[PDB]
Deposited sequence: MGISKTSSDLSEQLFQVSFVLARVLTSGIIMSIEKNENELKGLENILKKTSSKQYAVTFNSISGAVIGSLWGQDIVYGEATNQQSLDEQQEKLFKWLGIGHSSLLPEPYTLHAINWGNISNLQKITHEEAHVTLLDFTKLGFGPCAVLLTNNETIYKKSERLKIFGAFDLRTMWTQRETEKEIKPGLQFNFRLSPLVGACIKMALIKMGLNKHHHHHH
């Protein structure tokens, strides 16, 4: 039943002809965001094509840049390296930058309990759903949101916040639609 549902959504979006992130009338990523915002009760959502993009967004969004430090007690080997590459140090005395939740087919059904938390920045890694690398950042912090978008090339340049280095962490609508579908099937509105 999964193979059909996946195929159906890919067919629908392909039929629509709207498969670019930056294209007008793209409503798959916005749809994904809205669901996650409603589930988490967060005001702002930013989609990425990589967990790295969500991580960098949360860090740079709180001005945790080259030369700064944060708490890396809850980071895995990969995130440790990413922080080192960004030029960010460790301190046990400082707060954590985010709470990361790796989402998969086991725990996707129970997303309410996971996302309803006091964490001011929630990072969701959807990569293990098998639709391709994807991550979403959730916050009530407007400044984090705005900085997270501006770090993406074509993020809030669809037309205060001056951008430095930028990456292409824009998510494929097709990938976004698959995740949106998966969420809708597994209980979430």
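- Gaps in the model relative to the deposited sequence occur at 1-11, 171-181, 212-218, listed in sequence order.
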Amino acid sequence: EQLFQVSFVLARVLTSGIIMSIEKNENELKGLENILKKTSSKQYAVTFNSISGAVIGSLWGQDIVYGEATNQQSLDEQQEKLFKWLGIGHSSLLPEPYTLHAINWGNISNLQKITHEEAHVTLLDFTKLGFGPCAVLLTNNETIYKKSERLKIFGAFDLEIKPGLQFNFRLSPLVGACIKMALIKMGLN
From here on, numbers count along this sequence of modelled residues.
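- Between 51-59 and 148-156, it is 148-156 that carries the larger average Cα temperature factor according to the deposited entry.
- A summary of the deposited B-factors shows that, of 6-14 and 161-169, the stretch with the larger mean C-alpha value is 161-169.
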